[PDB]
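Single chain ahead, written as structure tokens, the form deposited in one PDB entry.
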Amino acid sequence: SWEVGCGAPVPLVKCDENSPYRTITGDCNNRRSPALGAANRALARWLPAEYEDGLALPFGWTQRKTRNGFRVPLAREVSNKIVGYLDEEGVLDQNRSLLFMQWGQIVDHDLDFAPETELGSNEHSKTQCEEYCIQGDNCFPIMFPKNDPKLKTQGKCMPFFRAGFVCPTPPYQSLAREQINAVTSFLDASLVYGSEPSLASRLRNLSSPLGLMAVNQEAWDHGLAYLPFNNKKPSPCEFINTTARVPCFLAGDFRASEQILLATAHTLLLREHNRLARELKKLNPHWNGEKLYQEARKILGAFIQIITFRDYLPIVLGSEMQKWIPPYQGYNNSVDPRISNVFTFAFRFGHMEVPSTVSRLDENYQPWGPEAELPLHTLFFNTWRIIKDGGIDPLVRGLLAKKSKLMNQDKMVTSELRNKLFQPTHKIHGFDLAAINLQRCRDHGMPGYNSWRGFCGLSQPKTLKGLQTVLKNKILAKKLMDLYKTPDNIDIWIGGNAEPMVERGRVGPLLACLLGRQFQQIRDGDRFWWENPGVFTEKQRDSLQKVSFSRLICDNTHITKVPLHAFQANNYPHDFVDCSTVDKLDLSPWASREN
């Protein structure tokens, strides 16, 4: 087993070891090594980090140091020549609904977080980085290339701050830099409940004994709950419209209000928890507050694992699925459940799946109002469109009836994200998610594209010709070589995403390998995997299998018509059946009798 040797993060856990419930922090999953998988620990290294100075400085930090003999190209330049595109027509995925993209972001946030080095609300360098673009300490700005139109209109660079690492916050440490994962590595709904003791508590309704999550008191959605608002007044959600003055939502994960659809999904899960608590109180009038909380919780966690492994991964991994994820043989305590550093870049393939617009549909799945179709960028940190413009039902119908954006090698990331991204700490719509992804790739000391190809037993092109055959694209290969001068230097994020998709999947060979391995490990190394004998009863498990996102919509919204397979593309009304024709969740196996 493993756990630590330099650790400092959450204090003071002891453990029970007879407890049938996961801890909040992730500790004590593995009995041999209690900290394996816990939040606030280093992300795992499947390969040694690769920094300019070999310890902490990212490639591209020092102007005349090379990576294997060549200058690494500016992040924003790669964004401009390879990732961008203008024409949104013919870009949609004919067989993946908007929910496909959205579930990905959910699983993701449940698995990893690498927050920025924070270092003060007192600091002036938060504007020495912003206002002047001076590289230094944890300001590692994204410079604009010449001829970039943002030069003429936004300044000389885009703010950026290196991610946090273990040990500190301020200075530095001995050995090599390791970024922190602020959330638990186990699929366990930590995005609903929180990853800290702290926060998990603030989220609960501890005045009633019903094991419920606190809800909004200021507003309701046709009698259905909304997530509570957040405290911190320099609120970004208030900024995007100081007239509506509606603050961001407060959830188990801090990014829950990043974009209106992620908040919508968070809301659906909060509602499911409260609903499972009320019905559980019905079956067992004697269970106390803690017991109701933990049980509903345990439930929701299994639900997220079931939709993820049964409905989601097969249509991501395609025919590579069984090659990486075998059928389940049981808990294996030898497996390292930790999320690796590289996974957090591989799982970013989802950014190439976000379309440029979001729609609100009415009860008939017809355009909801005048302005029903909105540009994605006006929805970053937008909570007022939910509270002051229809509830979540409009938005949920769009999730089912619209499609995701299909990855394409000539159209990669939509301009709504590539030029108009809104960062919570700054004031403009005008950031580039693609460039940021690239800069972070380097901030985290990632090995290049060929190290990972090697790692996955895949060929390593060393020439233009070789790269063309792997990418099956002459022109993209030319653009990559002109910017990188050697495939060894291709940042893993762009390289992994530039590969053609595997059969029946939505990612290429490299990514399928990286994703497949990680997912096999968090299942196999999770003592509380829903299928691990003893976690649930066979009766509960039998009951556990009829879950479906569609059902979920039926019990928690006022939508009455849903598709049966929500992840594939579905046309209204042909594919939409009546909610009462959908398998329900039979709770009877949770009934406990004293004798």
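Under this definition, the rigid core comprises the largest set of C-alpha atoms superposing within 1.5 Å between the forms. All residue numbers are counted from 1 along the displayed sequence.
- Stretches 172-180 and 376-384 differ in mean CA B factor, with 172-180 having the higher one.
- On average the C-alpha atoms of 192-200 have higher B-factors than those of the other stretch, with 192-200 and 336-344 being the two compared.
- Sorting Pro314, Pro73, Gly525, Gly223 by the CA temperature factor given in the entry leaves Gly223 at the top.
- When the C-alpha B factors of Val166, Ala435, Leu480, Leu151 are read from the deposited coordinates, the top value falls at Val166.
- Ranked by C-alpha B-factor against the other modelled residues of its chain, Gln568 falls in the middle third.
- When the CA B factors of the chain's modelled residues are split into thirds, the value for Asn40 lands in the lowest one.
- In the PDB entry, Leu544 places in the highest third of its chain by CA B-factor.
- Placement of the Cα temperature factor of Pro48 within the chain: lowest third of the modelled residues, per the deposited record.
- Placement of the Cα temperature factor of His109 within the chain: lowest third of the modelled residues, per the deposited record.
Below: the form deposited in another entry, not depicted.
- Just one of the listed positions, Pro326, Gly120, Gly369, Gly136, moves its Cα by at least 2 Å between this form and the one not shown when the rigid core is held fixed, and it is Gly120.
- Once both forms are overlaid on the rigid core, the distance between the two CA positions of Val10 between this form and the one not shown is 2 angstroms or more.
- In the other entry, the CA atoms of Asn122 and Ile142 sit closer together than in the displayed form, by at least 3 angstroms.
- In comparison with the shown form, the Cα-Cα distance of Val10 and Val215 increases by at least 3 angstroms in the other entry.
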